[PDB]
Structure formats: structure tokens, C-alpha cells
>>> print(open('target-v2.cif').read())   # mmCIF, C-alpha atoms and all ligand atoms
data_entry
loop_
_atom_site.label_atom_id
_atom_site.label_comp_id
_atom_site.auth_asym_id
_atom_site.auth_seq_id
_atom_site.Cartn_x
_atom_site.Cartn_y
_atom_site.Cartn_z
CA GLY L 46 19.74 -9.75 10.53
CA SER L 47 19.69 -10.36 6.75
CA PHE L 48 17.30 -12.17 4.32
CA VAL L 49 19.38 -11.60 1.17
CA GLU L 50 17.43 -13.95 -1.16
CA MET L 51 14.34 -11.71 -0.65
CA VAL L 52 15.84 -8.23 -1.08
CA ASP L 53 14.85 -6.69 -4.46
CA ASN L 54 11.94 -9.09 -5.10
CA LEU L 55 9.41 -6.35 -5.96
CA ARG L 56 8.61 -4.30 -9.10
CA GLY L 57 6.17 -1.65 -10.17
CA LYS L 58 5.37 1.86 -8.98
CA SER L 59 2.68 3.65 -6.92
CA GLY L 60 0.49 4.27 -10.00
CA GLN L 61 0.23 0.62 -11.11
CA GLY L 62 1.01 -1.20 -7.88
CA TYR L 63 4.01 -3.14 -6.65
CA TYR L 64 4.13 -6.85 -7.41
CA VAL L 65 5.97 -10.09 -6.53
CA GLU L 66 6.67 -13.14 -8.68
CA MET L 67 4.68 -16.23 -7.64
CA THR L 68 4.22 -19.75 -9.08
CA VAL L 69 0.90 -21.66 -8.91
CA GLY L 70 0.14 -25.27 -9.92
CA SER L 71 2.05 -28.39 -11.03
CA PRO L 72 4.21 -27.84 -13.12
CA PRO L 73 4.79 -24.29 -11.80
CA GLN L 74 2.96 -21.52 -13.68
CA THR L 75 4.68 -18.17 -13.20
CA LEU L 76 2.52 -15.08 -12.50
CA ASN L 77 3.15 -11.54 -11.26
CA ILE L 78 0.98 -10.76 -8.23
CA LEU L 79 0.03 -7.39 -6.69
CA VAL L 80 1.13 -7.04 -3.07
CA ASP L 81 -2.03 -5.83 -1.30
CA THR L 82 -2.32 -5.20 2.49
CA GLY L 83 -5.87 -3.77 2.08
CA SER L 84 -7.56 -7.08 1.10
CA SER L 85 -7.44 -10.79 2.04
CA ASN L 86 -8.04 -12.86 -1.15
CA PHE L 87 -5.36 -14.54 -3.27
CA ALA L 88 -6.94 -14.07 -6.69
CA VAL L 89 -5.39 -14.60 -10.14
CA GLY L 90 -6.54 -14.09 -13.77
CA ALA L 91 -7.68 -17.53 -14.98
CA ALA L 92 -8.98 -16.92 -18.49
CA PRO L 93 -7.86 -14.69 -21.45
CA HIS L 94 -8.25 -10.92 -21.23
CA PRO L 95 -7.00 -8.10 -23.45
CA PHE L 96 -4.56 -6.88 -20.71
CA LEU L 97 -3.18 -10.23 -19.46
CA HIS L 98 -0.03 -11.59 -21.15
CA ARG L 99 -0.60 -14.85 -19.23
CA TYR L 100 -2.99 -16.51 -16.75
CA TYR L 101 -3.73 -19.44 -14.43
CA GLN L 102 -4.64 -22.58 -16.44
CA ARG L 103 -6.25 -25.04 -14.01
CA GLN L 104 -6.61 -27.99 -16.46
CA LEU L 105 -2.77 -27.96 -16.84
CA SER L 106 -2.27 -28.28 -13.08
CA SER L 107 -2.36 -31.85 -11.75
CA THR L 108 -2.58 -30.50 -8.14
CA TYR L 109 -5.55 -28.23 -8.82
CA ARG L 110 -8.54 -28.75 -6.51
CA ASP L 111 -11.97 -27.41 -7.37
CA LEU L 112 -13.79 -25.94 -4.34
CA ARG L 113 -17.00 -25.87 -6.42
CA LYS L 114 -17.92 -22.42 -4.96
CA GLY L 115 -18.36 -19.09 -6.80
CA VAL L 116 -17.14 -15.70 -5.51
CA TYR L 117 -18.30 -12.22 -6.57
CA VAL L 118 -16.17 -9.22 -5.46
CA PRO L 119 -17.43 -5.73 -6.43
CA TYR L 120 -15.94 -2.49 -5.12
CA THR L 121 -16.54 1.13 -6.17
CA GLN L 122 -13.81 1.58 -8.84
CA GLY L 123 -14.02 -1.91 -10.39
CA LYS L 124 -14.88 -5.58 -9.78
CA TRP L 125 -13.85 -9.19 -10.25
CA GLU L 126 -15.80 -12.47 -10.39
CA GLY L 127 -14.44 -16.02 -10.19
CA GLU L 128 -14.20 -19.66 -9.10
CA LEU L 129 -12.68 -20.86 -5.83
CA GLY L 130 -10.11 -23.71 -5.63
CA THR L 131 -6.79 -24.73 -3.99
CA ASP L 132 -3.35 -25.54 -5.45
CA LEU L 133 0.35 -25.56 -4.65
CA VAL L 134 1.93 -22.07 -4.45
CA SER L 135 5.56 -20.79 -4.16
CA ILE L 136 7.29 -17.44 -4.02
CA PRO L 137 10.56 -17.93 -6.02
CA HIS L 138 12.27 -14.98 -4.32
CA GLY L 139 10.90 -15.75 -0.89
CA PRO L 140 11.35 -18.54 1.67
CA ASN L 141 12.14 -22.04 0.36
CA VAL L 142 8.64 -23.49 0.87
CA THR L 143 5.60 -24.65 -1.17
CA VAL L 144 2.16 -24.42 0.45
CA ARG L 145 -1.38 -25.44 -0.42
CA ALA L 146 -3.45 -22.27 -0.58
CA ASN L 147 -6.85 -20.96 -1.66
CA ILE L 148 -6.83 -19.48 -5.14
CA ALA L 149 -9.74 -17.53 -6.54
CA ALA L 150 -9.57 -18.19 -10.32
CA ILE L 151 -10.82 -14.92 -11.91
CA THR L 152 -13.18 -15.54 -14.87
CA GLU L 153 -14.63 -12.06 -15.46
CA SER L 154 -13.64 -8.52 -14.44
CA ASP L 155 -14.09 -4.78 -14.99
CA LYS L 156 -11.47 -2.00 -14.60
CA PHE L 157 -9.33 -4.51 -12.64
CA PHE L 158 -6.60 -5.58 -15.06
CA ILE L 159 -5.25 -2.17 -16.21
CA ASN L 160 -3.48 -1.97 -19.59
CA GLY L 161 0.20 -2.94 -19.32
CA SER L 162 0.33 -2.90 -15.49
CA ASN L 163 2.39 -6.12 -15.55
CA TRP L 164 0.57 -8.03 -12.78
CA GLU L 165 -1.92 -10.89 -13.31
CA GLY L 166 -3.30 -11.36 -9.82
CA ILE L 167 -3.52 -9.99 -6.30
CA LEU L 168 -2.16 -11.22 -2.98
CA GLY L 169 -4.43 -9.96 -0.17
CA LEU L 170 -2.27 -9.89 2.94
CA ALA L 171 -4.95 -8.69 5.45
CA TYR L 172 -6.88 -10.96 7.86
CA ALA L 173 -9.65 -13.58 7.25
CA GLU L 174 -12.43 -11.26 8.53
CA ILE L 175 -12.58 -9.37 5.18
CA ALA L 176 -11.86 -12.38 2.91
CA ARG L 177 -14.59 -13.04 0.29
CA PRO L 178 -17.08 -14.74 0.32
CA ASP L 179 -16.65 -15.10 4.14
CA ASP L 180 -13.97 -15.53 6.83
CA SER L 181 -13.89 -19.30 6.40
CA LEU L 182 -11.72 -18.75 3.31
CA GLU L 183 -8.19 -18.87 4.75
CA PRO L 184 -5.95 -16.03 3.38
CA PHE L 185 -2.62 -16.99 1.82
CA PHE L 186 -0.39 -15.66 4.68
CA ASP L 187 -2.40 -17.75 7.24
CA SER L 188 -1.85 -20.89 5.12
CA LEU L 189 1.86 -20.11 4.90
CA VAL L 190 2.23 -19.65 8.67
CA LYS L 191 0.17 -22.80 9.51
CA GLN L 192 2.01 -24.98 7.00
CA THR L 193 5.66 -23.92 7.52
CA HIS L 194 8.11 -22.55 10.09
CA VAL L 195 7.88 -19.00 8.70
CA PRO L 196 7.32 -16.50 11.53
CA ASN L 197 4.03 -14.59 11.58
CA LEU L 198 5.48 -11.32 10.32
CA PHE L 199 6.20 -9.63 6.99
CA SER L 200 7.79 -6.28 6.02
CA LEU L 201 7.54 -4.03 2.98
CA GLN L 202 9.99 -1.60 1.43
CA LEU L 203 8.26 -0.01 -1.53
CA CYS L 204 10.69 2.12 -3.59
CA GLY L 205 9.30 5.05 -5.62
CA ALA L 206 11.77 6.24 -8.22
CA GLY L 207 11.13 9.98 -7.91
CA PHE L 208 10.52 10.35 -11.65
CA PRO L 209 8.52 8.58 -14.37
CA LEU L 210 9.37 5.08 -15.51
CA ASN L 211 8.43 3.89 -19.05
CA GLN L 212 7.26 0.24 -19.44
CA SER L 213 10.69 -1.11 -20.37
CA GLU L 214 12.11 0.77 -17.33
CA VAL L 215 9.41 -0.41 -14.93
CA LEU L 216 10.19 -4.03 -15.95
CA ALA L 217 13.95 -3.61 -15.57
CA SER L 218 13.99 -1.61 -12.30
CA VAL L 219 14.03 -3.02 -8.75
CA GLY L 220 10.90 -1.74 -6.97
CA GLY L 221 11.50 -2.83 -3.41
CA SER L 222 11.53 -5.73 -1.01
CA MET L 223 8.92 -7.87 0.65
CA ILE L 224 10.69 -9.75 3.47
CA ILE L 225 8.50 -12.77 4.36
CA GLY L 226 9.16 -13.89 7.94
CA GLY L 227 11.54 -11.15 9.01
CA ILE L 228 13.01 -7.64 9.19
CA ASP L 229 16.03 -6.71 7.02
CA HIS L 230 18.18 -3.99 8.65
CA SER L 231 19.62 -2.61 5.39
CA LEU L 232 16.16 -1.40 4.23
CA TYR L 233 15.91 1.36 6.83
CA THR L 234 17.79 3.93 8.96
CA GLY L 235 17.04 5.20 12.51
CA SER L 236 14.76 3.22 14.84
CA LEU L 237 11.58 1.24 14.14
CA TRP L 238 8.60 2.73 16.03
CA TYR L 239 5.50 0.57 16.56
CA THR L 240 1.82 1.27 16.49
CA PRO L 241 -0.82 -1.29 17.66
CA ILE L 242 -3.03 -3.01 15.12
CA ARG L 243 -6.40 -2.01 16.59
CA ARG L 244 -8.28 -5.00 15.16
CA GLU L 245 -7.24 -7.87 12.93
CA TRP L 246 -9.39 -7.26 9.86
CA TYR L 247 -7.76 -4.59 7.72
CA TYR L 248 -4.41 -3.49 9.11
CA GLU L 249 -6.16 -0.94 11.32
CA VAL L 250 -4.24 1.80 13.19
CA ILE L 251 -5.09 4.98 15.15
CA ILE L 252 -3.99 8.53 14.17
CA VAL L 253 -3.96 10.96 17.11
CA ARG L 254 -2.67 14.22 15.57
CA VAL L 255 -2.05 15.78 12.16
CA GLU L 256 0.36 18.60 11.26
CA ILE L 257 1.15 20.59 8.15
CA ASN L 258 4.57 22.26 8.41
CA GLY L 259 4.31 21.92 12.18
CA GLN L 260 0.91 23.55 12.34
CA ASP L 261 -1.68 21.36 14.11
CA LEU L 262 -4.72 20.87 11.84
CA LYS L 263 -6.56 20.97 15.22
CA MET L 264 -9.48 18.71 14.40
CA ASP L 265 -11.07 16.37 16.95
CA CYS L 266 -8.88 13.22 16.55
CA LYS L 267 -11.94 11.00 15.87
CA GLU L 268 -12.12 12.68 12.43
CA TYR L 269 -8.65 11.38 11.51
CA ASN L 270 -9.96 7.83 11.97
CA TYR L 271 -13.55 8.14 10.78
CA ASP L 272 -14.59 5.42 10.19
CA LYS L 273 -11.21 3.57 10.20
CA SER L 274 -7.55 4.09 9.45
CA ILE L 275 -5.66 1.43 7.51
CA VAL L 276 -2.23 0.85 6.00
CA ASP L 277 -2.91 -0.29 2.43
CA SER L 278 -0.29 -1.01 -0.27
CA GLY L 279 -3.09 -1.77 -2.82
CA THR L 280 -4.19 1.91 -2.89
CA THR L 281 -2.09 4.63 -4.57
CA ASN L 282 -2.93 7.81 -2.67
CA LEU L 283 -2.98 8.97 0.90
CA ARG L 284 -6.77 9.00 1.25
CA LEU L 285 -8.42 11.19 3.88
CA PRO L 286 -12.02 11.47 5.25
CA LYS L 287 -13.92 14.33 3.50
CA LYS L 288 -13.59 16.69 6.52
CA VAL L 289 -9.86 16.04 7.08
CA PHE L 290 -9.22 16.27 3.32
CA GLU L 291 -10.83 19.72 3.09
CA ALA L 292 -8.88 21.09 6.06
CA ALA L 293 -5.60 19.53 4.82
CA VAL L 294 -6.01 20.90 1.27
CA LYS L 295 -6.76 24.35 2.75
CA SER L 296 -3.54 24.12 4.78
CA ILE L 297 -1.34 22.76 1.94
CA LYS L 298 -2.82 25.51 -0.33
CA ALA L 299 -1.97 28.21 2.24
CA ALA L 300 1.58 26.87 2.74
CA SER L 301 2.33 26.68 -1.02
CA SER L 302 0.45 29.84 -2.02
CA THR L 303 3.45 31.55 -3.80
CA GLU L 304 2.42 29.42 -6.78
CA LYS L 305 -1.26 28.90 -7.62
CA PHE L 306 -2.53 25.73 -9.25
CA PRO L 307 -5.73 24.76 -11.14
CA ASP L 308 -8.52 23.21 -9.03
CA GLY L 309 -8.07 20.03 -11.10
CA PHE L 310 -4.62 19.63 -9.53
CA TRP L 311 -5.96 19.54 -5.96
CA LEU L 312 -8.67 17.06 -7.09
CA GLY L 313 -5.87 14.73 -8.26
CA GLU L 314 -7.14 14.76 -11.86
CA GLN L 315 -4.63 16.92 -13.76
CA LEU L 316 -0.84 17.15 -13.69
CA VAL L 317 1.43 20.16 -13.00
CA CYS L 318 4.84 20.52 -14.70
CA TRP L 319 8.00 22.52 -14.08
CA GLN L 320 11.10 22.88 -16.24
CA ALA L 321 13.66 20.08 -15.77
CA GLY L 322 14.99 20.01 -12.21
CA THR L 323 13.28 23.22 -11.07
CA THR L 324 10.43 21.58 -9.03
CA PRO L 325 9.95 23.94 -6.05
CA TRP L 326 9.85 21.23 -3.32
CA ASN L 327 10.54 23.86 -0.65
CA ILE L 328 7.23 25.76 -1.21
CA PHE L 329 5.29 22.57 -0.33
CA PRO L 330 4.80 21.66 3.34
CA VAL L 331 5.75 18.46 5.16
CA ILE L 332 2.93 16.33 6.58
CA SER L 333 3.23 14.62 9.96
CA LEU L 334 0.90 11.86 11.09
CA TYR L 335 1.09 11.01 14.77
CA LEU L 336 0.24 7.38 15.54
CA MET L 337 -0.67 5.73 18.86
CA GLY L 338 2.35 4.19 20.64
CA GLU L 339 2.73 0.87 22.41
CA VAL L 340 3.39 2.61 25.80
CA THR L 341 0.43 4.24 27.65
CA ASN L 342 0.04 7.99 26.81
CA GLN L 343 2.92 7.87 24.31
CA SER L 344 2.68 8.53 20.55
CA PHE L 345 5.20 8.99 17.70
CA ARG L 346 5.10 10.67 14.29
CA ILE L 347 5.92 9.80 10.70
CA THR L 348 6.79 12.77 8.52
CA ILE L 349 6.47 12.78 4.74
CA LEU L 350 7.79 15.20 2.11
CA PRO L 351 6.10 16.50 -1.08
CA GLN L 352 8.47 14.08 -2.82
CA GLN L 353 6.00 11.43 -1.43
CA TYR L 354 2.59 13.10 -1.96
CA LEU L 355 3.35 14.61 -5.39
CA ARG L 356 3.36 11.49 -7.62
CA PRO L 357 5.70 11.59 -10.70
CA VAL L 358 3.87 11.14 -14.02
CA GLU L 359 4.86 11.36 -17.71
CA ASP L 360 3.86 14.67 -19.44
CA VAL L 361 0.63 14.91 -21.57
CA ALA L 362 2.81 16.17 -24.45
CA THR L 363 6.50 15.31 -24.84
CA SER L 364 8.90 17.51 -22.90
CA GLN L 365 11.84 17.25 -20.55
CA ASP L 366 9.62 18.80 -17.86
CA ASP L 367 9.24 17.17 -14.43
CA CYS L 368 5.50 16.53 -13.93
CA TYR L 369 3.44 15.34 -10.94
CA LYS L 370 -0.11 14.61 -9.82
CA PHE L 371 -1.45 15.41 -6.31
CA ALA L 372 -1.51 11.99 -4.54
CA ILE L 373 -3.79 12.98 -1.62
CA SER L 374 -7.52 12.47 -2.13
CA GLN L 375 -10.96 12.19 -0.54
CA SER L 376 -12.22 9.01 1.06
CA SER L 377 -15.67 8.07 2.31
CA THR L 378 -14.30 4.92 4.01
CA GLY L 379 -11.73 6.44 6.46
CA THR L 380 -8.01 7.21 6.22
CA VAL L 381 -6.01 5.06 3.80
CA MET L 382 -2.22 5.25 3.97
CA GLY L 383 -1.39 4.05 0.47
CA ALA L 384 1.67 3.37 -1.69
CA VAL L 385 2.82 7.02 -1.73
CA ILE L 386 2.99 7.20 2.10
CA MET L 387 4.49 3.71 2.33
CA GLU L 388 7.27 4.67 -0.14
CA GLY L 389 8.73 6.94 2.60
CA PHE L 390 9.10 4.09 5.12
CA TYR L 391 10.04 0.54 5.81
CA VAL L 392 6.74 -0.86 7.10
CA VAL L 393 6.79 -3.89 9.41
CA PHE L 394 3.58 -5.91 9.59
CA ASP L 395 4.17 -7.62 12.89
CA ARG L 396 1.20 -9.97 13.06
CA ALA L 397 2.66 -12.08 15.89
CA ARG L 398 2.85 -9.08 18.24
CA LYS L 399 -0.25 -7.36 16.79
CA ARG L 400 1.61 -4.22 15.68
CA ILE L 401 2.89 -2.23 12.73
CA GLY L 402 6.37 -0.65 12.76
CA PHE L 403 7.64 2.33 10.79
CA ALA L 404 11.16 3.43 9.98
CA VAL L 405 12.63 5.94 7.50
CA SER L 406 13.11 4.00 4.23
CA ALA L 407 16.64 3.63 2.80
CA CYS L 408 15.12 4.22 -0.63
CA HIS L 409 12.85 7.21 0.14
CA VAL L 410 13.00 10.26 -2.19
CA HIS L 411 14.26 13.49 -0.61
CA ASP L 412 16.37 16.61 -1.25
CA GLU L 413 19.46 18.05 0.39
CA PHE L 414 17.37 20.13 2.81
CA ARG L 415 14.74 17.67 4.23
CA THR L 416 14.15 13.93 4.66
CA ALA L 417 11.27 11.78 5.82
CA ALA L 418 11.31 11.08 9.59
CA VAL L 419 10.07 8.70 12.28
CA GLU L 420 10.34 10.31 15.70
CA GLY L 421 9.05 10.03 19.27
CA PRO L 422 8.03 9.80 22.04
CA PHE L 423 5.28 12.40 22.57
CA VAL L 424 3.05 12.62 25.64
CA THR L 425 -0.53 12.20 24.32
CA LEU L 426 -3.71 11.56 26.36
CA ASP L 427 -7.14 9.96 25.67
CA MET L 428 -5.86 8.19 22.55
CA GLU L 429 -8.52 5.42 22.72
CA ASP L 430 -10.98 8.32 22.20
CA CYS L 431 -9.52 8.81 18.69
CA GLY L 432 -10.82 5.44 17.48
CA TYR L 433 -14.29 5.14 15.98
CA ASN L 434 -17.01 2.65 17.06
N1 LIG L 501 -6.55 -2.64 -1.17
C1 LIG L 501 -7.46 -2.77 -2.18
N2 LIG L 501 -7.44 -3.81 -2.97
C2 LIG L 501 -8.44 -3.98 -4.05
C3 LIG L 501 -7.77 -4.80 -5.14
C4 LIG L 501 -6.66 -4.02 -5.80
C5 LIG L 501 -7.10 -2.67 -6.33
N3 LIG L 501 -5.93 -1.91 -6.69
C6 LIG L 501 -5.36 -1.85 -7.94
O1 LIG L 501 -5.70 -2.47 -8.94
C7 LIG L 501 -4.25 -0.88 -7.99
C8 LIG L 501 -4.06 -0.16 -9.15
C9 LIG L 501 -3.02 0.75 -9.20
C10 LIG L 501 -2.19 0.95 -8.12
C11 LIG L 501 -2.39 0.22 -6.97
CL1 LIG L 501 -1.33 0.48 -5.64
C12 LIG L 501 -3.42 -0.70 -6.89
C13 LIG L 501 -7.85 -1.84 -5.30
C14 LIG L 501 -8.94 -2.67 -4.65
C15 LIG L 501 -9.71 -1.89 -3.61
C16 LIG L 501 -10.86 -2.79 -3.14
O2 LIG L 501 -10.37 -4.00 -2.56
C17 LIG L 501 -9.63 -4.77 -3.51
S1 LIG L 501 -8.59 -1.41 -2.25
#
>>> encode(input="target-v2.cif", output="C-alpha cells")
Amino acid sequence: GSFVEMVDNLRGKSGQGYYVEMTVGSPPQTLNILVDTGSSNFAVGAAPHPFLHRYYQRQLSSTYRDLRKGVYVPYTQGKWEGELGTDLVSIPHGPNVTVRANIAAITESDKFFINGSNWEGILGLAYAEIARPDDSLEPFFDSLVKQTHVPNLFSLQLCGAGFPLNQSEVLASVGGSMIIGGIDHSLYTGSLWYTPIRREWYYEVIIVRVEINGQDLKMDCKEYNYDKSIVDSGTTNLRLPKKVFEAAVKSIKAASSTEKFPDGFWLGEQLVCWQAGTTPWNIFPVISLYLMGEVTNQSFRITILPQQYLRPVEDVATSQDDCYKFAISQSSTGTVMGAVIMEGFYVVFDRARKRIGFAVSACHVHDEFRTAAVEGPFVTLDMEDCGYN
């Protein structure tokens, strides 16, 4: 029904990530922690860094436990390195519980703590199979569910503002809700539709059809999920496999062709600005992603507006102009439905029943002519064929 104490517990924005307040150690040390469904490690800055206003101090925690194991976590656009341990951990605006949980204490990093992003750690909410160094390292949400009576389910309402937020504003604004252990009915409208989690590693789903303004992209559906499709709040953009990305950009280009933009716009590098309030939303197409249903030969679709895929940024100069970057980009690791897609929907991570549910978000950005949508059913065949092996 309602989990009031948890509503409004998030802050941030798609460009810097959305975070939750957590406490670690005895006495409690307060940190802001990235909410990240595309990884499985609870990891927190543990030594001074130019971009950390605070950090985990283990010697000040009487409940700290040293696991005496190192962990090294490199990805393409950055990396972190640190020391494993356990401690006591709470979420002040979450359920009224304290659990013992694995903490990776981060001792060295690169391009990980971004300047004035406001978070000091990351909460990987995906399954043990992609935890580092191996799956024996129990992810925070598993610890929580084993140690308390909190149901095996969480739900995310990420709220994009629709315009830029300065650092004072980003700190003062409510950025959404993470409901731990439940579904809050005031965070969405219309029905929740559910798609099966294909495999408990990332939050993996299957896309069976893509449309731009109703026009079927008409690729073999295996391309849409090559080599996987995941829901991932720790990534900004909607990321698409090279072949899908090329065909989608061609289609979006065609549909918006009454204005032409620099190639740097479509590559997500440079911004485009219009005079205050004149953004031509209507020239940009909607994007529908059809997902596999729970019922045999039944799918459903989530529909997003350019208000989701054009990400609001502050102008290079100083103007009153409304400026945006193109928040769809190329991926070599399969489809990634990031913050900008998730901002359109209430997303229910139903671990217990091995499914993800989507509903129109009560805080999604729209205009008077269109809104985001979650609709079904559609009769679709050979949907298993869309998955990659
Ligand atoms: N899901 C993933 N998590 C990882 C840690 C978090 C990283 N994101 C950010 O710092 C970030 C920055 C700005 C906006 C947003 Cl939304 C996120 C991305 C990493 C990639 C490799 O795995 C680890 S993908």
C-alpha cells in the first residue's frame, strides 16, 4: 500500500547518478551511496581523495571486520581498487534494520569519484554472480534479505527534473524513491506490466521489438539483445548494440529532419540549445521497446519521449537557453536501459518472483500532447529466439 518513510529518499540526476543515504560502522558514519542495479559490490571511499568530502574510516569503527582480501575492479571508463571487510550498515530512510554486510573499502581509484557528484560509494544491487572478486562475496541486498524480514523485492522511482540543476539545487531537490521491500502505489499511474528476469546475474531482460514513431526498426530481434539486455541505474544513457544504434540513429534523424544537427550531437558529445521554452519536442520521435511478457506469446511495450532521451545540461556559455545532450549511445556489451529510460517509469525489481515490472512514472517529464506509456498485451511468437547464447 504505502511505505511513507522511504518516499523521497533519493537525490541526484541522470548525469551524476542517483544516491541514497547510508550509515556504516559503530558509531554510524554517514555516506551517500550510488544506487546501482548494474553491479553487485557495496563499495565505499575509504581514504582521502580530492573529490570526496568524507569517507569510511575503519579504525573508528569498533564493529569493523577485516576480511584480509584485496579486490581489483577495472572497467572501460574507470576503475577502483580496495580492501574487503564487513561492518554494520543501515539505511536511515529505509526499513528499521541494521545488518552485517560486506564492504569493499576503496583505497585507490581512477575516473570513479567525479568532481562534486555528491556520492562517496556505490550500492551494487545485482546478483552474486557478477560480484568481485567472485560470487562467494554476498551482495548487500542478499545480506539484508537473509538477516531480516524484508521481502525479496525493491522498486525505483528515479525523477529527472526536465532542466538543469546547479549543485545547491541538486542537494536540495528530491530525486526519487527507492522502496526497499515493497511497491508504493503513489509513484506510478496505470498498471504494472512484468517482464521475466532471464538470468540472475545482471538484471537481464529480453527485447522483442523496437519502434520509432510506430515504425518497426525491423531488425532480427537477436540484435536487440546482443549480447545481453539489462536494466541498469548506474549507467546514464540508453545504450544500444552498434547495429541497433546505427539503425535507430538513422530513424531518429529521418523523423526529426526538419532541423539538422552537428554529428557531434548524435555521438552524444556536444549539446544543442534552443531559446527558452521553444524546444521542438514534437519533431523528435517516440521510442517503444517491446519486452517479453509473463504469459506465453504475449509481450508489452514501454514508450519513451524525447523528454527522456534528450538529457538537460547547463549551457557552455551563460544563457537562458534550454540545452540538451543526446542520451542514446553505442554499446559493445549489449542493450543497457540506463537512468534516462528509467526516469520515465516506476521500475519494480521483483527478485522473489524473478521479474521486473514497469509502470508510467508519476514524476516523468512530458508535454501537453504526449506522455510515456506502458501498454499491452501484444501477440508475439518465438520470443525465446530473441535471447542470445
Ligand atoms: N552499472 C555500472 N556500475 C559501475 C559503477 C558505477 C559507474 N557509474 C558512475 O560512476 C555513474 C556516473 C554518472 C552517472 C551514473 Cl548513472 C553513474 C559505472 C560502472 C560501470 C561498470 O560497473 C561498475 S556500469
>>> atom_distance(input="target-v2.cif", atom1="atom CA of residue L:264", atom2="atom CA of residue L:283")
17.9 Å
>>> residues_near_ligand(input="target-v2.cif", ligand="ligand LIG 501 (chain L)", cutoff="10 Å", atoms="only C-alpha atoms and all ligand atoms", output="ChimeraX atom specification")
/L:57-64,79-86,88,118-125,156-159,162,164,166-171,175,247,275-282,381,383-385
>>> axis_aligned_box(input="target-v2.cif", around="stretch 364-374 of chain L", padding_each_side="6 Å", output="lines of an AutoDock Vina configuration file")
center_x = 2.2
center_y = 15.4
center_z = -12.3
size_x = 31.4
size_y = 18.8
size_z = 33.3
>>> residues_around(input="target-v2.cif", residues="residue L:311", least_positions_apart="2", cutoff="9 Å", atoms="all atoms listed in the file", output="VMD selection string")
chain L and resid 294 298 306 to 309 313 to 315 370 to 374
>>> write_last_selection(input="target-v2.cif", atoms="C-alpha atoms", output="PDB file, keeping the file's coordinate frame")
ATOM      1  CA  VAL L 294      -6.010  20.900   1.270  1.00  0.00           C
ATOM      2  CA  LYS L 298      -2.820  25.510  -0.330  1.00  0.00           C
ATOM      3  CA  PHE L 306      -2.530  25.730  -9.250  1.00  0.00           C
ATOM      4  CA  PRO L 307      -5.730  24.760 -11.140  1.00  0.00           C
ATOM      5  CA  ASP L 308      -8.520  23.210  -9.030  1.00  0.00           C
ATOM      6  CA  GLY L 309      -8.070  20.030 -11.100  1.00  0.00           C
ATOM      7  CA  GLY L 313      -5.870  14.730  -8.260  1.00  0.00           C
ATOM      8  CA  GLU L 314      -7.140  14.760 -11.860  1.00  0.00           C
ATOM      9  CA  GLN L 315      -4.630  16.920 -13.760  1.00  0.00           C
ATOM     10  CA  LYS L 370      -0.110  14.610  -9.820  1.00  0.00           C
ATOM     11  CA  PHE L 371      -1.450  15.410  -6.310  1.00  0.00           C
ATOM     12  CA  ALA L 372      -1.510  11.990  -4.540  1.00  0.00           C
ATOM     13  CA  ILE L 373      -3.790  12.980  -1.620  1.00  0.00           C
ATOM     14  CA  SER L 374      -7.520  12.470  -2.130  1.00  0.00           C
TER      15      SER L 374
END
>>> closest_residue(input="target-v2.cif", among="L:204, L:266, L:393, L:136", to="residue L:253", atoms="only C-alpha atoms")
L:266
>>> closest_residue(input="target-v2.cif", among="L:243, L:409, L:396, L:110", to="residue L:130", atoms="all atoms listed in the file")
L:110
>>> closest_residue(input="target-v2.cif", among="L:405, L:221, L:312, L:334", to="residue L:256", atoms="only C-alpha atoms")
L:334
>>> atom_distance(input="target-v2.cif", atom1="atom CA of residue L:403", atom2="atom CA of residue L:330")
20.9 Å
>>> atom_distance(input="target-v2.cif", atom1="atom CA of residue L:380", atom2="atom CA of residue L:237")
22.0 Å
>>> residues_around(input="target-v2.cif", residues="residue L:425", least_positions_apart="2", cutoff="10 Å", atoms="all atoms listed in the file", output="count of residues only")
14
>>> closest_residue(input="target-v2.cif", among="L:191, L:137, L:424, L:207", to="residue L:356", atoms="all atoms listed in the file")
L:207
>>> closest_residue(input="target-v2.cif", among="L:106, L:152, L:163, L:135", to="residue L:215", atoms="only C-alpha atoms")
L:163
>>> residues_around(input="target-v2.cif", residues="residue L:359", least_positions_apart="4", cutoff="10 Å", atoms="only C-alpha atoms", output="ChimeraX atom specification")
/L:208-211,316,318,363-370
>>> closest_residue(input="target-v2.cif", among="L:351, L:284, L:417, L:138", to="residue L:375", atoms="all atoms listed in the file")
L:284
>>> residues_around(input="target-v2.cif", residues="residue L:273", least_positions_apart="2", cutoff="7 Å", atoms="all atoms listed in the file", output="count of residues only")
7
>>> residues_near_point(input="target-v2.cif", point="(12.7, -9.9, 0.0)", cutoff="9 Å", atoms="all atoms listed in the file", output="MDAnalysis selection string")
chainID L and resid 48:55 138:140 200:202 221:225 229
